[PDB]
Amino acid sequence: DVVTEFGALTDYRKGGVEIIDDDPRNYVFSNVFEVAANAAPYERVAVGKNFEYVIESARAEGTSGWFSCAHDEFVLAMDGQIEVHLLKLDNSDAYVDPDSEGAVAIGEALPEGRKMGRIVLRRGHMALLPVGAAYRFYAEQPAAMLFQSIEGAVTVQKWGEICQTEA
């Protein structure tokens, strides 16, 4: 009977690079669950990067501070229930430079603006994080998530510690 295998923070099975004639560091190989497993709550660790564009892996745990961004972002839930809260900022320019890129951490205090909505994501669920909204997360238990964004102020880079270096 059909079993489709998904990973989880507590259950993943990392693969890797076998070398015929090459260097494994060319393939920048990591597992997003291992990365989120080893990170601080809500720490946004780059796991993919193509020029300025990044994919960040994070472990949601408890309530995050608020974030805003000068461009759209997307969040994909990879394992565990994660609640997203959206707020339409009165003056987004007061929190985020409309010329910066990448998420900005705008603090624990409720920014000024109107309640936009609430989203609850489970594994495999993707949400829009729209430009001009601030967003926060809540996760009762540790949950894995991924961001589609741009390298910026919240983006942690630690390629040497996350990727395969030997074969």
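For every residue, the number given is its place in the sequence shown, counted from 1.
Judged by mean Cα B factor in the deposited record, 105 to 113 ranks above the other of 105 to 113 and 60 to 68. Higher mean CA temperature factor, per the PDB entry, when comparing 120 to 128 with 95 to 103: 95 to 103. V156: CA B factor in the middle third of modelled residues in this chain (values from the PDB entry). For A36, the recorded CA temperature factor ranks within the middle third of the chain's modelled residues.
Annotation for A167: C-alpha temperature factor in the highest third relative to the rest of the modelled chain, per the entry. Looking at the C-alpha B-factors along this chain, the one for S149 belongs to the middle third. In the deposited entry, the Cα temperature factor of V2 places it in the highest third of its chain's modelled residues.
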